[PDB]
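Okay, so here's just one chain, in structure tokens, the form deposited in one PDB entry.
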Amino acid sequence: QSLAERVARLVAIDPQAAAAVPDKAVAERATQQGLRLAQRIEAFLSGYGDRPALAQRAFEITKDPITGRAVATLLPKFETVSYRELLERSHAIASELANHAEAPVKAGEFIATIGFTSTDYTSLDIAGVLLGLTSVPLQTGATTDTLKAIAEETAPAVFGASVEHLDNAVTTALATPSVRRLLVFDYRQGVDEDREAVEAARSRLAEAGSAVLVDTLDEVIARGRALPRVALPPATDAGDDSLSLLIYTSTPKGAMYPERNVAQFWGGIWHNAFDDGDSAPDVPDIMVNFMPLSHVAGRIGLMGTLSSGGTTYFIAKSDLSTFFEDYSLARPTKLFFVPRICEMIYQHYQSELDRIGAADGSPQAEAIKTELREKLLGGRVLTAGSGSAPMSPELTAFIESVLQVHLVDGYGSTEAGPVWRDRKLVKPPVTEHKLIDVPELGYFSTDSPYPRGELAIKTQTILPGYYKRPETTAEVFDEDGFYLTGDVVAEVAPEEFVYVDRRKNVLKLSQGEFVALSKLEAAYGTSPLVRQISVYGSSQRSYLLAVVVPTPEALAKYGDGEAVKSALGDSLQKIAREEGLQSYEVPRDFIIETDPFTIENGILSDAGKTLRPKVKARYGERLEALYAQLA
């Protein structure tokens, strides 16, 4: 039935969901026009009192019976941190940083951080706002070349890193003279691998003659608890226009986020990106977050639950190896997926089908969908949203058949904020739009059946610029002040839009046909044999190739050579037949990769998107050699 009825039924039978309903009085107080961002956050966190705010998987420390090594092992439960405790921890960090005897920090300085998403990272983010720092969250998969370049541009006074990334942090700090302090977070007292990582970091710094101080965030909080709270708001140079955050995207360019635009994450217009946050019903917001804080989508969900009195459960591991465990324990009411997560779930379903030898829409097949919905994903899902990348209709249909709720598609960017939701512009923040012909790619407003062109918009959430890069900023605005999305869209009904592709992903083959490479990647990603695919073309050639990571099942059946190429070929031609793709849209030959694209190896971005230039760097020589061999 309707969302209103399903919400009412859930809160009538589920005490945890009932208690997570927003309190309108808290939001009204926190969002008043007179309050600065730091005061807004404080009003939300203090307003929700002792409610659970954040949850992380519990762990135990065991001694290995052979070596005596003290090892952490996850336990089958989450432990929560209340709104009160989160605010107290963030104030403790702010107090310690501001009053440090040798390397205090002051408003307007920069802090750069490398981590995933966690209670500690959230506390450090908030503390940065309380102090008036500018935060620079760095990609965990970036090379040290990239880290050093961003650190040179931003000259941070403080560097923060999770234990996992501490070696890269040390390398960056050593080459960045502005760094005075290195804070280590997600540090687990008593765990040998964490203690050894911090000792090694201290030793490397000492060997280099560095004056950088190393402290765990555990220690920073313990010292800060006994210190007076810093006064809010911080004494920055520009009020609501002070620089609060830089979101590096793409040297990568840093999108500037003033306080007023960070405030939109905290009960502002971002609650309309993937849902109807404006009008009833008010859905209790219990959510699992698997997105790094370095990506805007990580911020949307996390600050969304914090600003609505709900709860964010953090996935236990960045590589997603605990995904189903965590969703089954957390049992969220609201889902946010991106396509690579939807593909993973589809692959899980296909992998069950094959293990038990059941077919398409059999009773057994439907029982796997039911178990996914009710057990693995928790059975409490009321709403679901997706975004950050295109998804094929077939994958959308699968996900909706599993969840038995509509999957909202939200389109937006770091630069513009949320732009549309289920084809319709999000207004506010969007105030004006137009389509721009792209003749060199064959996209015109006179196209049939639908006008097509690059989307340009005026919007309240537009970035003021890229940090220290006014020439790059000028390139993304036209002469009338519209922001150029770089994205080709079709207007399929009045003020309703569908994504075609990024301009950068559109390729003109040698016989003059145009291909939207990410549309093809989304289509072929649904092959039961494909784990990942990157479609590759050349202006000098008349046909496409692809890098394909087969599923473990495909590799076990066909190997990694000619046999699996032939099976993949059949599967892709099948998809081309069903979805009406042209013959020139079908990859003719393949580079087979048994090593998945990952965030760790840098081929996926923090958001899980396949980075075309990283694929090109790793496989481009082999792809071009295959073109030459075949010619």
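So that there is no doubt, residue numbering starts at 1 and follows the sequence shown. Superpose the two forms; the largest set of C-alphas matching within 1.5 Å is the rigid core.
This protein has a second form, the form deposited in another entry, left out of what is shown; the following refers to that one.
Core-superposed comparison between this form and the one not shown: the CA of residue 39 stays below a 2 Å shift. In this overlay on the rigid core, residue 505 has a C-alpha that sits 2 Å or more away from its partner position between this form and the one not shown. Relative to this form, in the other form the C-alpha atoms of residue 312 and residue 607 separate from one another by 3 angstroms or more. Legend note: Cα of residue 512 to Cα of residue 498 is at least 3 Å closer in the other form than in the depicted form.
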